[PDB]
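Enquirer: So the protein sequences, as listed, match chains 2 and 1.
Positions in the first sequence are counted from 1; adding 205 to them yields PDB author numbering.
Positions in the second sequence are counted from 1; adding 410 to them yields PDB author numbering.
We put the beta carbon where it would ideally sit given N, CA and C, even for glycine.
Structure provided below as structure tokens; questions to follow.
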Amino acid sequence: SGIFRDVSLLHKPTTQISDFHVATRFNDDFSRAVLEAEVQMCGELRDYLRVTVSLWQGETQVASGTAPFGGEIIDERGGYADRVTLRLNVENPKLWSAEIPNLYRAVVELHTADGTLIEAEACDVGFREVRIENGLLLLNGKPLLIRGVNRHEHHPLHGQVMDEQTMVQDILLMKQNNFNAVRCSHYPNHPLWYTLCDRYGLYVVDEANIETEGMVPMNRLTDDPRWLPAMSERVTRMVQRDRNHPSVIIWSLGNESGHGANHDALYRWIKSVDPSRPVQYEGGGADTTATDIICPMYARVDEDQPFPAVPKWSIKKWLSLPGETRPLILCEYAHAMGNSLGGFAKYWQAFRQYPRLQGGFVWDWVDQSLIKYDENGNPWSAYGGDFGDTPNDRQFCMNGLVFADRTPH
Amino acid sequence: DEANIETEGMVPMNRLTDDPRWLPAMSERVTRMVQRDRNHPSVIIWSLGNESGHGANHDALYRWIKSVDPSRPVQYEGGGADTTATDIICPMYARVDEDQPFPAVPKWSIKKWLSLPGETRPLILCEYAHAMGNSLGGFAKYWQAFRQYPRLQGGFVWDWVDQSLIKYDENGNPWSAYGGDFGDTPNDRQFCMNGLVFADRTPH
Ligand code: NA
Ligand code: NA
Ligand code: NA
Ligand code: NA
Numbered sequence: 206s207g208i209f210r211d212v213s214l215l216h217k218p219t220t221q222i223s224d225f226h227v228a229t230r231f232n233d234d235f236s237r238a239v240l241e242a243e244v245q246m247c248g249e250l251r252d253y254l255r256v257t258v259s260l261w262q263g264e265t266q267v268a269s270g271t272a273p274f275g276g277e278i279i280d281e282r283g284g285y286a287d288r289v290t291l292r293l294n295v296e297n298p299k300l301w302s303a304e305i306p307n308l309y310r311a312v313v314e315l316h317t318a319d320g321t322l323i324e325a326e327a328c329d330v331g332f333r334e335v336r337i338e339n340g341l342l343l344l345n346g347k348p349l350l351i352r353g354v355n356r357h358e359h360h361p362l363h364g365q366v367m368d369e370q371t372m373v374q375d376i377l378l379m380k381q382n383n384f385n386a387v388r389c390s391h392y393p394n395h396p397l398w399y400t401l402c403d404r405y406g407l408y409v410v411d412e413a414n415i416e417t418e419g420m421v422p423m424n425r426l427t428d429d430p431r432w433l434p435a436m437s438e439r440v441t442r443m444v445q446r447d448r449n450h451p452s453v454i455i456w457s458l459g460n461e462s463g464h465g466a467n468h469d470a471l472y473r474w475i476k477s478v479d480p481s482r483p484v485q486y487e488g489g490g491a492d493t494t495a496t497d498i499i500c501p502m503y504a505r506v507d508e509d510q511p512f513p514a515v516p517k518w519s520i521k522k523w524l525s526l527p528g529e530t531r532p533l534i535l536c537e538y539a540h541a542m543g544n545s546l547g548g549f550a551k552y553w554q555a556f557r558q559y560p561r562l563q564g565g566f567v568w569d570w571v572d573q574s575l576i577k578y579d580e581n582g583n584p585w586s587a588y589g590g591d592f593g594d595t596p597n598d599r600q601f602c603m604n605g606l607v608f609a610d611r612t613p614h
Numbered sequence: 411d412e413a414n415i416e417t418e419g420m421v422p423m424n425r426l427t428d429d430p431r432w433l434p435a436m437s438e439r440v441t442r443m444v445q446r447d448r449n450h451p452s453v454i455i456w457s458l459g460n461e462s463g464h465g466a467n468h469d470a471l472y473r474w475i476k477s478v479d480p481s482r483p484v485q486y487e488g489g490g491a492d493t494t495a496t497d498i499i500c501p502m503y504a505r506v507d508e509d510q511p512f513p514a515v516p517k518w519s520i521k522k523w524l525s526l527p528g529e530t531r532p533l534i535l536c537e538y539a540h541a542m543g544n545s546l547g548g549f550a551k552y553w554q555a556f557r558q559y560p561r562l563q564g565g566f567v568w569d570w571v572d573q574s575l576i577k578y579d580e581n582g583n584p585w586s587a588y589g590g591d592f593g594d595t596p597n598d599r600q601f602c603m604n605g606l607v608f609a610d611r612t613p614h
């Protein structure tokens with residue numbers, strides 16, 4: 206607990222840019238693309254007001270559009286007079302991927318017709334298209350193979366406080382060990398993280414801060430309409446914050462919280478608000494109506510685990526279950542606790558052979574061990590109970606491929 | 411119930427079945443079978459023939475049966491076992507876990523086949539476990555898989571009885587003969603004996 210993330214002071218003009226959404230749609234062969242930027246403002250509305258979205262490729266200015274506020278007619282009452290959408294054309298765009306993180310710079314300027322800048326906001330833009338088609342998860346038209354891992358924001362000395370250095374370190378290690386994706390288990394990550402994954406090249410699963418695995422049944426809260434509000438905000442506020450990052454390719458509704466109506470409601474919300482990304486959720490059996498991807502956790506390669514209500518089918522058998530057609534990517538597999546990862550090769554053998562077995566996310570990146578000191582003042586790795594904490598869950602907080610200090614296992 | 415149509419000897423295998431000039435001859439071997447046996451309850455599936463690639467004629471005749479008799483599914487392994495001329499993925503000799511990526515007409519692991527992008531049909535091998543001589547090894551693996559996968563609904567072993575003929579030596583004693591044993595040539599050795607039982611119905 207406490208204030209574990211940066212505290213800032215931001216000054217905005219009275220007449221300001223209150224929000225902007227960046228979208229990129231392409232033709233079938235990705236030779237052309239249209240960048241669409243919806244901009245919303247606050248303050249005094251005036252005709253002399255203008256918004257100019259310009260796309261930059263390095264020092265070059267690939268495209269630029271300007272227009273006054275006043276959106277298109279959306280219903281019988283008219284439209285948003287406090288909004289405007291710019292659409293820029295882009296020929297032969299440099300596509301973004303974890304392989305080649307090609308980025309552009311989108312600069313949103315709030316100004317007056319006579320050319321006076323009021324304020325400007327910006328973001329990195331990555332031209333990439335994510336879509337599930339014919340049972341396959343496609344990134345720019347090609348079917349992905351997620352070589353991912355789950356990563357908790359953990360520091361052996363700073364607790365759950367992140368810093369650029371620790372982040373960049375992890376990212377390098379990951380890419381160095383042939384990883385291309387990460388799952389923000391199990392909450393939105395520190396803002397800098399997305400920026401790094403954007404530039405370094407990593408597919409990200411942005412996951413809402415919602416886990417109630419302790420309830421009984423697991424969906425006692427998520428199915429209760431009384432809790433729809435609290436959940437709603439943990440999903441919607443994540444989307445409104447990170448929706449512009451190209452590294453974010455999938456939205457997750459949270460973790461271990463059974464499958465309640467609330468999940469379905471929020472699932473549909475994201476789909477309405479942001480069609481650009483698939484939504485997934487493993488709760489309730491990994492293949493519920495609240496997920497676009499069959500995302501089990503720890504489902505074995507050939508062996509079935511016929512648990513009642515929420516069985517874990519052999520990933521290979523799962524894909525062909527009557528009626529099923531979705532792509533399957535484990536949200537968690539290969540529990541790397543201690544001397545583990547045995548049978549890991551079997552998973553990949555299968556991933557490569559089955560078109561719709563598109564990978565998974567190992568569990569997990571780093572050991573959640575904390576540093577304590579003995580009488581002599583020497584440091585040592587501590588876990589469950591080592592702090593008088595009780596009840597505690599022994600050493601189950603150490604499931605990483607690397608030790609708290611990022612030393613490989 | 412399978413129509414009398416096999417042209418495996420042609421090159422490519424569908425040289426005749428894709429030629430409209432042969433649509434008539436084929437048509438009659440399909441339609442006359444249906445008109446004859448369509449009332450038998452034991453007949454649950456109609457087959458368009460065997461080893462004859464995949465020509466337009468197959469598609470035409472496929473649709474005919476579907477129009478004439480909606481009560482039964484139609485199947486055909488020609489052209490890759492999953493063509494537009496079959497309601498069932500019916501490969502022949504496709505292995506359980508191992509793929510055999512032949513060009514044009516590969517034989518995917520039956521388990522991998524069911525989940526291929528877009529695929530949704532049920533899979534029943536029209537021929538598997540070639541029981542030629544001391545064979546049927548790995549048979550248990552097929553069943554292990556049939557039971558675990560809902561859409562892996564079985565198959566048809568190949569085959570029932572040895573196609574051996576009886577000849578007699580100088581003394582007048584009978585013995586089982588096969589390819590070539592009748593001066594027949596060219597012949598294909600003993601490949602006519604692939605049964606689970608000998609010509610005289612004695613179990614193997
Ligand atoms: Na695959
Ligand atoms: Na854990
Ligand atoms: Na079955
Ligand atoms: Na034979």
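Let me check one thing: in DSSP terms, what residues is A311 (chain 2) bridge-paired to?
Expert: In the DSSP output, where bridge partners are listed per residue, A311 (chain 2) has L260 (chain 2), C328 (chain 2).
Enquirer: Quick check for students: name the residue ranges of the alpha helix (DSSP H) that lie wholly in the region 510-562 of chain 1, counting only runs of 4 or more.
Expert: Within the region 510-562 of chain 1, the complete alpha helix (DSSP H) runs of at least 4 residues are 520-524, 549-558.
Enquirer: Verify whether the separation of the beta carbon atoms of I498 (chain 2) and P532 (chain 2) is less than 7 Å.
Expert: Yes, Cβ-Cβ distance for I498 (chain 2) and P532 (chain 2) is below 7 Å.
Enquirer: Pick from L378 (chain 2), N382 (chain 2), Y399 (chain 2): whose alpha carbon is nearest that of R388 (chain 2)?
Expert: For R388 (chain 2), the nearest C-alpha among the options comes from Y399 (chain 2).
Enquirer: Is the Cβ-Cβ distance between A435 (chain 1) and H468 (chain 1) less than 7 Å?
Expert: Their beta carbons are not under 7 Å apart, which means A435 (chain 1) does not touch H468 (chain 1) by this criterion.
Enquirer: Terminal residues of the continuous alpha helix (DSSP H) containing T371 (chain 2)?
Expert: 369-381 is the extent of the alpha helix (DSSP H) around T371 (chain 2).
Enquirer: To the nearest whole angstrom, what separates the beta carbons of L535 (chain 2) and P501 (chain 2), a pair I think is in contact under 8 Å?
Expert: Correct: roughly 6 Å between the Cβ atoms.
Enquirer: Consider the Cβ of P584 (chain 2): report whether some Cβ of chain 1 lies at a distance smaller than 7 Å.
Expert: By this cut-off, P584 (chain 2) is not an interface position.
Enquirer: Any idea if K347 (chain 2) is buried or exposed, counting beta-carbon neighbours within 10 angstroms, 16 or more meaning buried?
Expert: The residue in question, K347 (chain 2), is exposed, as its Cβ has fewer than 16 Cβ neighbours within 10 Å.
Enquirer: For ligand 4, any of its heavy atoms closer than 6 Å to the Cβ of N604 (chain 1)?
Expert: Yes, the Cβ of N604 (chain 1) comes within 6 Å of a heavy atom of ligand 4.
Enquirer: Flag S525 (chain 2) as yes if its beta-carbon sits less than 7 Å from any beta-carbon of chain 1, otherwise no.
Expert: Answer yes: the Cβ-Cβ gap between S525 (chain 2) and chain 1 drops below 7 Å somewhere.
Enquirer: Below 9 Å between beta carbons is the criterion; list the residues of the region 549-570 of chain 1 that meet it against any residue of chain 2, in chain order.
Expert: So the list reads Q558, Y559, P560, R561, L562, given in the order they occur along the chain.
Enquirer: What residues does ligand 6 have around it, judged by CB closer than 7 Å to any heavy atom, in chain order?
Expert: Ligand 6 is not part of the structure shown, which contains ligand 1, ligand 2, ligand 3 and ligand 4 as its ligands.
Enquirer: Just to confirm, are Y472 (chain 1) and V453 (chain 1) a CB contact at a threshold of 7 Å?
Expert: For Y472 (chain 1) and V453 (chain 1), no; Cβs fall outside 7 Å.
Enquirer: I need the straight-line Cα distance from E461 (chain 1) to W568 (chain 1), nearest angstrom please.
Expert: When rounded, the distance between both Cα atoms is 14 Å.
Enquirer: For a contact defined as C-beta to C-beta under 7 Å, what are the partners of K521 (chain 2) on chain 1?
Expert: Chain 1 residues near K521 (chain 2): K521.
Enquirer: Would you mind stating whether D572 (chain 1) and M603 (chain 1) have Cβ atoms separated by less than 7 Å?
Expert: The answer is yes: Cβ separation under 7 Å.
Enquirer: Figure out for me which residue from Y538 (chain 2), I323 (chain 2), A242 (chain 2), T417 (chain 2) has the closest Cα to the Cα of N355 (chain 2).
Expert: The candidate whose alpha carbon is nearest that of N355 (chain 2) is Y538 (chain 2).
Enquirer: I'd like to know if the region 431-447 of chain 2 and the region 356-371 of chain 2 are in contact, where contact means that at least 3 CB-CB pairs between them fall below 8 Å.
Expert: No, the region 431-447 of chain 2 does not touch the region 356-371 of chain 2.
Enquirer: Taking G490 (chain 1) as the query, report the chain 2 residues whose CB atoms sit under 8 Å from its CB, ordered along the chain.
Expert: What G490 (chain 1) touches in chain 2: nothing, since even the nearest Cβ is about 16 Å away.
Enquirer: For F566 (chain 1), verify whether its CB is less than 6 Å away from any heavy atom of ligand 4.
Expert: Not under cutoff, so the answer is no.
Enquirer: Taking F332 (chain 2) as the reference, give the member of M379 (chain 2), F235 (chain 2), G276 (chain 2), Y253 (chain 2) with the closest Cα.
Expert: For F332 (chain 2), the nearest C-alpha among the options comes from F235 (chain 2).
Enquirer: Is there a Cβ from chain 1 that is less than 7 Å from the Cβ of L341 (chain 2)?
Expert: So, interface residue.
Enquirer: Return the Cβ separation of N583 (chain 1) and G590 (chain 1) in integer angstroms, given the expectation that the two are a contact with Cβ distance under 8 Å.
Expert: Contact flag wrong, Cβ pair sits at about 20 Å.
Enquirer: When you compare only the Cα positions, how much space is there between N307 (chain 2) and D211 (chain 2)?
Expert: Using only the alpha carbons, I get a separation of about 29 Å.
Enquirer: On the three-state DSSP scale, how would you describe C247 (chain 2)?
Expert: Correct three-state label for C247 (chain 2): strand.
Enquirer: How close, in whole Å, do the beta carbons of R352 (chain 2) and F384 (chain 2) come, if the pair is a contact with beta carbons under 8 Å?
Expert: Yes, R352 (chain 2) and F384 (chain 2) are in contact; Cβ-Cβ is about 5 Å, under 8 Å.
Enquirer: Mind pulling the chain 2 residues with CB within less than 7 Å of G528 (chain 1)?
Expert: Going along chain 2 in sequence order, the residues near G528 (chain 1) (Cβ under 7 Å) are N339, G340.
Enquirer: Taking 6 Å as the cut-off, is the beta-carbon of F592 (chain 1) closer than that to any non-hydrogen atom of ligand 4?
Expert: Flag unset: Cβ of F592 (chain 1) not near ligand 4.
Enquirer: Identify the continuous alpha helix (DSSP H) that holds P434 (chain 1) and give its terminal residues.
Expert: Residues 433-447.
Enquirer: Does the contact criterion of 3 or more C-beta pairs under 8 Å hold for the region 515-527 of chain 1 versus the region 551-559 of chain 1?
Expert: The region 515-527 of chain 1 vs the region 551-559 of chain 1: in contact.
Enquirer: Measuring CA to CA, which of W585 (chain 1), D610 (chain 1), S574 (chain 1), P613 (chain 1) is closest to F601 (chain 1)?
Expert: Looking at the Cα atoms, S574 (chain 1) is the closest of the given residues.
Enquirer: Would you say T257 (chain 2) and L240 (chain 2) are within 7 Å of each other, going by their C-beta atoms?
Expert: No. Outside cutoff.
Enquirer: Using the beta-carbon of each residue, which ones in chain 1 are nearer than 9 Å to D509 (chain 2)?
Expert: Here the neighbours are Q558.
Enquirer: Locate the beta strand (DSSP E) running through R336 (chain 2), then write down its first and last residues.
Expert: First-last of the beta strand (DSSP E) with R336 (chain 2): 335-338.
Enquirer: How many Å lie between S390 (chain 2) and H357 (chain 2) at the Cα?
Expert: So the alpha carbons of these two residues sit roughly 6 Å apart.
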